[PDB]
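Written out below as structure tokens is the structure these notes cover.
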Amino acid sequence: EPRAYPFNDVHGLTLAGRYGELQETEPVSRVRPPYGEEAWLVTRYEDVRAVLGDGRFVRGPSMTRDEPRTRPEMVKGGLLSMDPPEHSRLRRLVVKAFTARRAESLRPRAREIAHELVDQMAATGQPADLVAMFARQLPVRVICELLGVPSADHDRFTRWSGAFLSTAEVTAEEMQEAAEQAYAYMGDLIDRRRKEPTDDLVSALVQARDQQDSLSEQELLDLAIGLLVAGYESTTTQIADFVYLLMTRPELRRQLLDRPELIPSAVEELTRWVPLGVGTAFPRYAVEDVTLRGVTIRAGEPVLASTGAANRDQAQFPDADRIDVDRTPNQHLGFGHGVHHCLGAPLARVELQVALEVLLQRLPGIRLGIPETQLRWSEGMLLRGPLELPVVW
Ligand SMILES: CC[C@H]1OC(=O)/C=C/[C@H](C)[C@@H](O[C@@H]2O[C@H](C)C[C@H](N(C)C)[C@H]2O)[C@@H](C)C[C@@H](C)C(=O)/C=C/C=C/[C@@H]1CO[C@@H]1O[C@H](C)[C@@H](O)[C@@H](OC)[C@H]1OC
Ligand code: HEM
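In the deposited numbering, the protein residues as written are 5 to 397.
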């Protein structure tokens with residue numbers, strides 16, 4: 005009876021056509037992913053705005069059941085390991101200090117990284133790899149800038165987080181360094197912020213409270229490794245997908261070269277197109293019974309939400325599986341809904357905007373150095389993108 009999930013696959017890039025056809029020809033499925041119990045899988049805009057938007061669907065039971073997912077280990081760390089009110093106490097806090105203004109006040113250093121990453125490319129000669137020489141190297145530097153970390157240790161962090169990244173190639177002898185020294189260095193820096201507050205993100209996170217609650221050393225060390233390793237994974241891979249789209253679409257590479265003022269509308273339309281790697285948000289449980297499309301959801305039963313496919317619903321968007329960058333204003337679902345969203349987007353807006361901007365400011369002659377399919381791919385089993393991306397100018 006159940007169907008085998010994922011319907012997307014680690015070797016691909018768009019929303020898999022059998023996924024976008026079962027969103028029309030079976031609009032809610034029973035699924036077995038590769039790890040966890042059986043689940044329902046929800047596909048349509050107003051069904052996923054519905055199941056990630058009523059207070060009897062929640063994450064909290066995932067903490068005592070083996071949860072329906074695409075990878076072997078359980079969700080143990082960071083806010084998606086957590087449930088209300090205990091999640092609300094954490095999210096009310098991180099939204100006061102992970103601000104959209106501070107994201108804005110990073111764009112001058114993220115461009116100054118970015119222009120320097122194209123100056124060192126230029127000085128290295130061609131072909132170059134644009135993931136190793138750009139999409140891997142823009143987050144970790146901005147993200148260490150955002151924490152107020154000295155430049156001379158951004159080298160370690162690349163190599164540190166890189167030995168935990170699926171989008172990078174460092175050995176377990178560096179995980180052996182990273183596990184020994186990196187949590188200790190952020191502790192060393194968290195202790196600095198307790199000692200003396202400063203304009204950095206860690207400082208705001210020792211000063212900000214939810215009502216009068218304090219984010220403790222372990223809580224701020226946890227968030228921060230997840231930012232500098234998970235969020236890093238996320239924006240490296242999202243950038244290498246996107247700038248591999250700029251390498252392979254020549255009419256848009258000339259369109260943005262022609263109209264840099266259109267770049268935020270293309271980022272927003274590329275954002276409304278995001279199939280969210282595997283196609284779904286992690287599993288929520290109905291804590292009491294609830295009917296949906298004439299079939300009963302049971303007390304204590306898991307629903308997956310296909311948010312990346314529901315960002316591509318033909319009955320929400322025109323030709324919804326494709327892009328049209330002439331669409332504006334725009335709105336989107338490939339990041340979750342109501343209290344069930346990703347944290348990152350105010351940062352990843354500045355990355356996604358800078359990362360198209362200053363490439364076409366600084367070396368717009370750039371293109372893909374190969375026959376256009378002949379790359380090596382990122383297979384970590386939540387997100388999809390290239391591992392290497394050759395380029396010539
Ligand atoms: C395949 C992509 C993921 O790769 C991974 O999930 C990589 C995980 C590696 C194998 C980590 O191993 C264990 O991961 C568990 C999820 C948590 C566990 N601790 C933290 C409780 C951890 O020991 C190790 C070796 C690396 C450390 C630094 C780690 O926690 C890294 C997480 C990286 C997450 C990557 C990004 O995905 C994030 O996965 C989480 C399970 C989600 O809850 C969400 O996190 C915000 C998702 O974001 C896209
Ligand atoms: C670059 C694009 C990004 C992508 C593709 C991505 C993707 C993911 C996914 C698939 C989830 C789980 C969705 C769910 O089931 O709720 C998630 C949640 C989350 N991500 Fe993102 N993310 C991105 C950027 C960021 C950044 C930059 C950060 C660093 C601050 C971050 C932090 C988180 C956190 C903390 C959660 C849990 C949210 C909560 O439940 O409160 N992400 N991410």
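Each residue gets a CB set at the ideal place from its N, CA and C atoms; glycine is no exception.
Continuous alpha helix (DSSP H) stretch holding residue i: start and end
i      : result
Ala107 : 104-108
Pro268 : 267-275
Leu391 : Per DSSP, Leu391 belongs to no alpha helix (DSSP H); it is in the beta strand (DSSP E), 390-392.
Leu261 : 254-262
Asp192 : 176-199
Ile327 : Neither: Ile327 is in no alpha helix (DSSP H) and is coded neither H nor E.
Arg145 : 142-150
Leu17  : That residue, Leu17, is in no alpha helix (DSSP H); it is neither H nor E in DSSP.
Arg353 : 349-366
Cutoff 8 Å; reference residue i; Cβ partners in own chain excluding five residues on either side
i      : result
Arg380 : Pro390, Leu391, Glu392
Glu5   : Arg34
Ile374 : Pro394
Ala156 : none
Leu225 : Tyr187, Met190, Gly191, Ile194
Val79  : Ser66, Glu71, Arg73, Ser85, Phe286
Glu42  : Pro6, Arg34, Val35, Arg36, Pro72, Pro306
Neighbourhood of residue i by C-beta, 7 Å cutoff - its chain only, sequence neighbours within 5 removed
i      : result
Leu231 : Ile147
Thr240 : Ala139, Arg140, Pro143, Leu169, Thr171
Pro38  : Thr74
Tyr23  : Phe11, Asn12, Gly283, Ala313
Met385 : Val14, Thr74, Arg75
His158 : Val144, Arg145, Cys148
CB-CB length for residue i against residue j, believed under 8 Å
i      : j      : result
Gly152 : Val206 : 7 Å
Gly312 : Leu280 : 3 Å
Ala126 : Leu367 : 6 Å
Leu110 : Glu149 : 6 Å
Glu383 : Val14  : 4 Å
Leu308 : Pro287 : 5 Å
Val278 : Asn334 : That pair is no contact at about 12 Å.
Counterpart residues of residue i in DSSP-defined beta bridges
i      : result
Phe168 : In DSSP, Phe168 forms no bridge with anything.
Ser33  : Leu45
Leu372 : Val395
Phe61  : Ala290
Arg7   : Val35
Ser218 : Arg213
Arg380 : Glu392
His341 : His344
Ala126 : DSSP output for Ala126 lists no bridge partner at all.
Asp159 : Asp159 is not bridged to any residue.
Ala114 : Its beta-bridge partners do not exist; DSSP assigns none.
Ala101 : Beta-bridge pairing links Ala101 to no other residue.
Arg73  : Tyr39
Per-residue burial, residue i [other beta carbons within 10 Å of its own, 16 or more giving buried]
i      : result
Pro143 : buried
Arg73  : buried
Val299 : exposed
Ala183 : exposed
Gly40  : buried
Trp164 : buried
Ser220 : exposed
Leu261 : exposed
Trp397 : exposed
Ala285 : buried
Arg7   : exposed
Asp323 : exposed
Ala319 : exposed
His344 : buried
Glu361 : buried
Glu173 : exposed
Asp133 : buried
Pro112 : exposed
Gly21  : exposed
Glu50  : exposed
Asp328 : exposed
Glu237 : buried
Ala270 : buried
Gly338 : buried
Residues of its chain near residue i, where Cβ-Cβ distance is below 6 Å and the 5 sequence neighbours each way are ignored
i      : result
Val294 : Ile301
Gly342 : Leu56, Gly57
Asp214 : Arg93, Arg96, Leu97
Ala352 : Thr239
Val122 : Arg366, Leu367
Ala114 : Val146, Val354, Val358
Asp245 : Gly389
Extent of the continuous beta strand (DSSP E) run through residue i
i           : result
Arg288      : 285-290
residue 408 : Nothing in the structure corresponds to residue 408, since the chain is present only between 5 and 397.
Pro306      : 305-309
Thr295      : 294-296
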